[PDB]
Amino acid sequence: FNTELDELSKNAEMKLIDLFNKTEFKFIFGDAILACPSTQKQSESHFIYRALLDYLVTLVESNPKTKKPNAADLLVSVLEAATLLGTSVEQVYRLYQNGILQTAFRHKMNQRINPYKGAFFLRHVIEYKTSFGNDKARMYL
RNA sequence: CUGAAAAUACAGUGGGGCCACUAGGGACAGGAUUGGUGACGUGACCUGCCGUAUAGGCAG
């Protein structure tokens, strides 16, 4: 699964019709987040889900925050955001309601967010998830 | 399978001549628009060379 996801990162710049900060995640990686088995049960994460996210944590690690956009500025939708947090979709809308998670362009007053349109950056959606500590994080070892 | 079928309105043409709207004339007095407001930092326009030159030319 790592080597399958490694070629998509190396050949990310090849596929670009627009800039990284304007392109969606499913345009480069393709369905690999919303196909993943859900963690609605117990808050017990799937071994497929543990392996996917732990690759994305080292992606933003290798792609620091510079003035040129890179692979860590790909746009993520509210459903793909809901899976990466492992919570309900209303709970992730409520974080948007109290401006905890910051969209990536301003909707103009009658814009209610399309649930499939890529709203948030991959970047700080991960950093929000690393603000919550669970036992098998890479920080301790 | 119709108040059923069918159907060539046509040819020609001189509105013309004349004409005084005119005289007179006060729109005028009064007037409080007012309170309150962040254009940008997910962005390409960089790094150097020649030249006396904020002239003018150039390399990725």
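Computed over heavy atoms, backbone and side chain alike; hydrogens, waters and symmetry mates excluded. We name chains A, B, ... by the order of the sequence lines, and we start the count at 1 in each one.
Hydrophobic clustering, with ILVMFWY side chains joined whenever heavy atoms are under 4.5 angstrom apart, groups A:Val60 together with A:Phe132.
Side-chain N/O atoms of A:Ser9 and A:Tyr55 include a donor and acceptor closer than 3.5 Å.
Taking atom P in both B:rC46 and B:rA55, one finds a spacing of 16 Å when rounded to whole Å. B:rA44 and B:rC40 have their P atoms separated by 15 Å, given to the nearest Å. Rounded to whole Å, the P atom of B:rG15 lies 27 Å from the corresponding atom of B:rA20. Here the separation of B:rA59 from B:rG51, taken at their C1' atoms, is 16 Å to the nearest Å.
With respect to the salt-bridge test (charged N to carboxylate O, under 4.0 angstrom), the residues A:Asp31 and A:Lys26 do not qualify. Ion pair A:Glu61/A:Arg138 not flagged as a salt bridge, since none of the NZ, NE, NH1 or NH2 atoms sits closer than 4.0 Å to an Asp/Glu carboxylate oxygen.
The pentose of B:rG38 is categorized as south (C2'-endo side) on the basis of a negative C1'-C2'-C3'-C4' torsion.
B:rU47: glycosidic angle beyond 90° from 0, hence anti.
Out of B:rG41, B:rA44, B:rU42, the shortest distance to the side chain of A:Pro69 is found at B:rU42.
Adjacent nucleotides B:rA20 and B:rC21 miss the stacking criterion of ring centres closer than 5.5 angstrom and planes inclined by less than 30 degrees.
Base pairing analysis places B:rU47 opposite B:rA59; the two distances defining the Watson-Crick or G-U wobble pair are each below 3.5 Å.
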